[PDB]
Amino acid sequence: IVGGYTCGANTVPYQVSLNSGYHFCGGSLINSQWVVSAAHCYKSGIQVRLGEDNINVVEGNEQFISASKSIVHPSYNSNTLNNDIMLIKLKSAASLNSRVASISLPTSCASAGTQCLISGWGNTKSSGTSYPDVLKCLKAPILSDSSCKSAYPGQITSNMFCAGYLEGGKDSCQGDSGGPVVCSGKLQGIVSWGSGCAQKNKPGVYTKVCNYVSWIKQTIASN
Ligand SMILES: N=C(N)c1ccc(CNC(=O)[C@@H]2CCN2C(=O)[C@H](NCC(=O)O)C2CCCCC2)cc1
Ligand SMILES: [Ca+2]
C-alpha cells in the first residue's frame, strides 16, 4: 500500500496472509473454512495466516491453517488477468472471534464514487522497495468505467473495475495481491493488477466480485 496508513492491530479481521515460507499474497476470509484470493496468487503448499498484524512477530492472535484445496476460476486468463479469482479451502475451520472474522459477499455491484477500504502488506514505495511488517490501509473510491478504460485502452473487461486516484500518490502495490477491497461492509473487489504503483493516470485494477457470487456459492457448497 502506497500513501496509506497503519490500520492498527486486528482492525481488519477478515484480512489473511498467504504464506509459503514468507508472505506472498493477501486474501479474505468469507466463512470459517474458505478464503477468496486472486488467481495470479496461485501456488502449491500454502499456509493461511489469520489474525495477523505484524507478519514477522507472533503477537498471540494468529491462527495458522494449511490449505486443503485451491480452485482457480475456470475461465482465468493469465495473460490479461480476466477472471482473476481463486478459492482456498482450509484443512480445518478457523475459530471466529473479534480478531478473526469473515466478510460478506455483495448482493449487487457498487456504484462509482463509493468509498472502499483496501489493505495489505505490500510495497509502500511508488518508486522503490520497502515492505512493511504491519498491515497498511487505504481509503479509495471506485472510479467511473470511462476513467478506468481511458487509462487502459482495450484491457478492461466487465469483470474488472478501477479504484484509487488518477493524481497518483495512493494505490495498492505488489504484495497486496489477492487482498480485499471492502465498500459498504461488502467484499467488492480483489487486488489484481495495474501499471507500476501510485503513478499518475494509472489507477489500480480490481476483480469485480459481484459477478462471481453465484460461482463462489455453488463451488463452496460442492467442495
Ligand atoms: N494497484 C496497483 N498499482 C497494483 C496492485 C497490485 C499489483 C500486482 N499484480 C501484478 O503484478 C499482476 C501479475 C502481473 N499483473 C500485473 O499487474 C501486470 N502489470 C505489472 C506492472 O505494470 O507493474 C498486468 C499488466 C496488464 C495486463 C496483465 C498483466 C500491481 C499493481
Ligand atoms: Ca504476527
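Along the sequence shown, residues are numbered consecutively beginning with 1. Any value given below was found using the heavy atoms of this structure, including those in side chains, with hydrogens, waters and symmetry copies removed. Order of listing sets the numbers, starting from 1, for every ligand and every atom in it.
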Q) Heavy-atom contacts under 4.0 Å between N79 and ligand 1: side chain, backbone, both, or neither? A)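 Contact part for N79 vs ligand 1: backbone (N, CA, C, O).
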
Q | Residue portion contacting ligand 1 (non-hydrogen atoms closer than 4.0 Å) for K202 | A |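 For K202, there is no contact with ligand 1 at all, from either part.
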
Q) Can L81 be said to touch ligand 1, with heavy atoms closer than 4.0 Å? A)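 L81 counts as a contact of ligand 1 under the 4.0 Å cut-off.
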
Q) Judged by non-hydrogen atoms, does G175 sit under 4.0 Å from ligand 1? A)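 The answer is no: ligand 1 sits nowhere under 4.0 Å from a heavy atom of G175.
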
**Q.** For atom 17 (O) of ligand 1, the protein heavy atom that lies nearest, with its residue and separation
**A.**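 Result for atom 17 (O) of ligand 1: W193 CB, 3.0 Å.
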
Q. What protein heavy atom sits nearest atom 18 (C) of ligand 1, and how far off is it?
A.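 Looking at atom 18 (C) of ligand 1, the protein heavy atom closest to it is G194 O, 4.0 Å.
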
(Q) Can you see whether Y5 has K136 sitting over its ring - NZ or CZ less than 6.0 Å from the centre and within 45° of the normal? (A)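 No, cation not above the ring by the 6.0 Å, 45° rule.
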
Q | Geometric cation-pi criterion, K170 with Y165: 6.0 Å, 45° | A |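 Positive - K170 is close enough to the ring of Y165 and near enough to its axis.
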
(Q) Looking only at the side chains, is there a donor atom on one of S75 and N83 sitting less than 3.5 Å from an acceptor on the other? (A)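 There is no such pair (donor and acceptor under 3.5 Å, judged by atom type) between the side chains of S75 and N83.
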
Would you mind listing which atoms of ligand 1 come within a distance below 4.0 Å of any non-hydrogen atom of [X]?
X: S177; value: 8 (C), 9 (N)
X: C173; value: 5 (C), 6 (C)
X: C197; value: 3 (N)
X: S172; value: 1 (N), 2 (C), 3 (N), 4 (C), 5 (C)
X: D171; value: 1 (N), 2 (C), 3 (N)

Q.
Does atom NZ (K125) have a neighbourhood of more than 12 heavy atoms from anything else shown, all under 6.0 Å?
A.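 Count not over threshold, so no.
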
Q: Tell me whether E52 has at least one N, O or S atom under 3.0 Å from the Ca ion (ligand 2).
A: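 It does; at least one qualifying atom falls short of 3.0 Å.
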
Q: Please confirm if an N, O or S atom belonging to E62, backbone or side chain, lies less than 3.0 Å from the Ca ion (ligand 2).
A: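 Yes.
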
N/O to N/O below 3.5 Å, does that happen between [X] and ligand 1?
X: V205; answer: no
X: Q174; answer: no
X: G196; answer: yes

Q: Counting heavy atoms only, name the option from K170, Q199, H40, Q155 that's nearest to atom 13 (C) of ligand 1.
A: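 Going through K170, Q199, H40, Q155 one by one, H40 has the nearest heavy atom to atom 13 (C) of ligand 1.
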
(Q) I'd like to know whether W121 forms a ring pair (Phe, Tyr, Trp, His ring centres under 6.0 Å) with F24, so could you lay out the CA-CA distance, the side-chain angles of the two residues, the decisive distance to 0.1 Å, and finally the verdict. (A) CA-CA 9 Å; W121 285 279; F24 70 89; over 10 Å; no

Q) How about atom 15 (N) of ligand 1: does it have a protein heavy atom within less than 4.0 Å? A)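 True for atom 15 (N) of ligand 1.
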
Q: Give a rough value, rounded to 10 degrees, for the angle at the Ca ion (ligand 2) between atoms O of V57 and O of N54.
A: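 It is 80°, given to the nearest 10°.
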
